[PDB]
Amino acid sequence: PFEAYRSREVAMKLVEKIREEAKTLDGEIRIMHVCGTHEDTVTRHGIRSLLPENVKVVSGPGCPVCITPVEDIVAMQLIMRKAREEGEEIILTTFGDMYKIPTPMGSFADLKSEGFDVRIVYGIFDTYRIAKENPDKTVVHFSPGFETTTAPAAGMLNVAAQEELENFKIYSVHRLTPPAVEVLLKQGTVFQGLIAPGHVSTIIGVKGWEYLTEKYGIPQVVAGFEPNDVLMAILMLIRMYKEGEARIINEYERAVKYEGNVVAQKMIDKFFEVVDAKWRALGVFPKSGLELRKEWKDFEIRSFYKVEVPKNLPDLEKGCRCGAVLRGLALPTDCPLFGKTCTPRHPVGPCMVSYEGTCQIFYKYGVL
């Protein structure tokens, strides 16, 4: 069952071809991926220890929970309080990692601590099920996530309107991957090759990433997450660099369609609108976020409450270098807090809290 994609022989071969190609390479080639799941593949399998000194793999901002603005997390919290006072208790669902994400004003966990009803769920369906089991209350799901996660949200919003659920709301903090890559391009982040996130591609297909190679000539390679997927993509990128080629190779063709997945596309489009959005520790990226259209404003928990989120909320604790880690400009180990005051159990920054955070992945796997 796809064993080849995990095959040691297949890997030892790819590693050799890669090595061969780099021996005759000048300078240094830097490949960047933008999906924590890929960073997990790379780090979990020790792929970096198999690469030639002149070939580097850097992790971009491929972690939706990490980049969620603290202003939005605080807002959601200010609304929980704003309801407890209006006598309207709310049931808040969030992902396990997001649940513990820090902000200068506390996490959703510190909230639970204050007696609020915050619940960890694994998907939007869980939230849906909670909205039907608790009719006497309003259930809201702080919804972050890239396209791959936006779709299941849009899909659930279709099954919510038909049923006419009224206690099914969500705080949208969805983000788009492609725009983030283009902002990183215009800002100097160095890399001659891209490893596009397989599953985000499954949704927007190969077509969604083309607009980048055409406008910047950067070779891209949609890849899966098995170890040989990443090794194949590295080889395929090294060669397009050496040959001067600048196109997109769909190495994850077994799961990705050129057009992608139309159902989800429209499903998302029917409910979400692209807008300018802030990325925690990164800045405000143009047309990089998704918010509910005026027609479905009834599903946005912010359409039922107006809170004043204090200004100048710092994005990170002093000493945290998660912003640079997210840009592929810094390694977790470059950080002084890494593995000291900052660990998965007692995290200082968001990169260590998230399951797809680069810092957590490095810590969890003992990078060498």
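The term rigid core refers to the most C-alpha atoms you can superpose between the two forms while keeping them within 1.5 Å. We number the residues from 1 along the sequence you see.
**Prompt:** If you line up the core and then measure how far each C-alpha sits from this form in 4 other deposited structures of this protein, which stretch comes out higher, 302-310 or 22-30?
**Reply:** Checking 302-310 against 22-30 in 4 other deposited structures of this protein, I find the farther stretch is 22-30.
**Item:** Stretch with larger C-alpha RMS deviation in 4 other deposited structures of this protein, core superposed, 346-354 versus 5-13
**Value:** It is 5-13 whose C-alphas lie farther from the shown form in 4 other deposited structures of this protein.
**Asked** If you average the CA temperature factors over each stretch, which comes out higher, 356-364 or 7-15?
**Response** Between 356-364 and 7-15, it is 7-15.
**Request:** Please work out which of 250-258 and 222-230 has the higher mean CA B-factor as recorded in the PDB entry.
**Result:** 250-258 has the higher mean C-alpha B-factor.
**Asked** Going by the deposited entry, which of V284, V139, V74, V118 has the highest CA temperature factor?
**Response** The record points to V139.
**Request:** For the C-alpha B-factor as written in the entry, point me to the maximum among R175, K100, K297, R280.
**Result:** Reading the PDB entry, the winner on C-alpha B-factor is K297.
**Asked** Once the chain's modelled residues are ordered by C-alpha B factor and cut into thirds, is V275 in the lowest, middle or highest one?
**Response** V275: CA B-factor falls in the highest third of its chain.
**Record-listed C-alpha B factor of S107: chain third** = It belongs to the lowest third of the chain when residues are ordered by C-alpha B-factor.
**Position of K311 among the chain's modelled residues by C-alpha B-factor, lowest, middle or highest third** = It belongs to the middle third of the chain when residues are ordered by C-alpha B-factor.
**Request:** Would you check the entry's CA temperature factor for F95 and let me know if it's in the chain's lowest, middle or highest third?
**Result:** CA B-factor rank for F95: lowest third.
**Request:** Grab the CA temperature factor for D26 from the record and place it in the lowest, middle or highest third of its chain.
**Result:** Within its chain, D26 is a highest-third residue by C-alpha B-factor, going by the deposited values.
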